[PDB]
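In what follows, one protein chain appears twice in different forms, each by itself as structure tokens: structure 1 and structure 2.
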Structure 1
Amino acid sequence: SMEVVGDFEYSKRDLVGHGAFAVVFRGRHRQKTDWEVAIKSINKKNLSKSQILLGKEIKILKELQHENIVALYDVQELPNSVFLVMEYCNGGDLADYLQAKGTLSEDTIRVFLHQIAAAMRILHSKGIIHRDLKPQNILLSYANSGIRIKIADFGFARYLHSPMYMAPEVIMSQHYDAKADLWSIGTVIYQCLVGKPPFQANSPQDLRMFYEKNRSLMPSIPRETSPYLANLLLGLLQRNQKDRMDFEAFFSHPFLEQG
């Protein structure tokens, strides 16, 4: 007994994991059975009691079509549930990969970052900010160097909006988070290299007031670190977006294009 979702099918045995509102299964196309997919089941009533904008996630995933961004193939709406048929990444999340390997060579990090950067180029050209990049949201797919990286979870994402009645905080806050992803990529690279994030805290509100009071300094870069990787981390991990490396510097950064 397989459950059918449009031209795809899955077994309830083949559970991958959960979201807050979604269950995810390993599935396949019904004719092209070698084609593996992830199928997210999302209860419509639970979702309508949340602040989740699935419409937005779907709109953004459709707009993106890139080998380093998790593919959405299909959306099926039943009266109870919504089903997302997506690319299956057979390597899990980067979080679990780091748990397994500890730290990564600069060679490995360059490979991962080249791919992340390729994804970011697409995001940037469409004016989309992810805002929630983290190892749990970076998925891994193996071929048979062999690892391909895929950005996932556009739940927190937003479009850059590139008025006498509008609140001054709103006018003035345009583009405030335009460089957010560059910080995130920084923290992720940092963790890859060093083996913990640059900035930990006991709670969400503890990290808020840390950043709010600039009780936040450049973190410890190991003395092993190559000049280019160190330059990159320093320019990404700037508390003020005013002072943070911008996208064009990042895409074309020396660290990304060598031996």
Structure 2
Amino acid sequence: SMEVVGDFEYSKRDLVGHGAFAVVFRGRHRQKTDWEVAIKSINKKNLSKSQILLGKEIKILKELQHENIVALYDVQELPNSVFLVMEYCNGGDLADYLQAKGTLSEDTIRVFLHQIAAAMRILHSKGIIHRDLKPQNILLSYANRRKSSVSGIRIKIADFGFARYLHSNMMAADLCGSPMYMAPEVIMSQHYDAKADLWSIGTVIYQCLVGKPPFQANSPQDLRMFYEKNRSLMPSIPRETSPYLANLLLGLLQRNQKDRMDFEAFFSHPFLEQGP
């Protein structure tokens, strides 16, 4: 029993992930059957009870077209559900890759980070923040399943469900007329969460290096309060960590956004600029 979604199909058995409002299946083109796809099914009624808008991810994925961001191939609307047909990542997620490898070398981390940074450059230039980056939505794709080493992995960022747009300066003036009544922080495009992804990336790199996240907690409750109470945190960096990677990690893992490394500093951090 295959479900049909435009020119594609999937089995409901082939679940490859899910969240509150969506499930994702491995599927394929119905005729070009070696063209695998990831089909995301969103329940409309469940979604309208959140603040999440239905067309946000669609629009973002079209605007973010790039080799380190999952592609969107088709949208199919039904009475109850919307289907997004997107790029399938045949390597699964970074979480599983880490479980299998334990910890990554600094050389491997550098290669992955170069790709994550490329993704982040395209988000940055469109004023998009992801806000929920984690090993579960940083995905691995192998172009040939023969080339199965690090140099055959292409990283692709997924799940923009919790993402948001940041306006620029005239992005406020150009559509909202005279700004005379507009709050200064809106006119000036001041955004508390503009560096959210940089923290995330920090936690992920740290976990690649060390084998655990830098600040664990038994629940969402504990982690909120731990971050509430401790207004300044030092992650534990192993002594063996190269000086520049440690510098990068401590810059990313700044509890206070204003003290956190910004994108240009991240993109041009000396750890990232290397040869082999």
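Quick note, the numbers are simply positions in structure 1, starting from 1. We call the rigid core whatever largest set of C-alpha positions still superposes within 1.5 Å between the two forms.
Asker: For the core superposition between structure 1 and structure 2, please identify the residue among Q65, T33, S226, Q200 whose CA shift reaches 2 Å or more.
Answerer: Result of the comparison: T33.
Asker: Compare the position of the CA of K242 between structure 1 and structure 2 after a rigid core fit and state whether the shift reaches 2 Å.
Answerer: No, the C-alpha position differs by under 2 Å between structure 1 and structure 2.
Asker: Do you see a C-alpha shift of 2 Å or more at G102 between structure 1 and structure 2, with the core held fixed?
Answerer: No, because once the rigid core is superposed, the C-alpha of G102 moves less than 2 Å between structure 1 and structure 2.
Asker: Fitting the rigid core first, would the Cα of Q115 be found 2 Å or more away between structure 1 and structure 2?
Answerer: The answer is no, as the C-alpha of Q115 shifts between structure 1 and structure 2 by less than 2 Å after core alignment.
Asker: Let me know the CA shift of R13 between structure 1 and structure 2 in Å, rounded to one decimal, core fitted.
Answerer: The shift comes out to 5.9 Å.
Asker: Supposing the core is put in the same place in both forms, how far has the CA of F210 shifted between structure 1 and structure 2, in Å?
Answerer: It moves 0.5 Å at the C-alpha.
Asker: Where the rigid core has been superposed, how far does the Cα of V24 end up moving between structure 1 and structure 2, given in Å?
Answerer: For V24, the alpha-carbon shift amounts to 3.1 Å.
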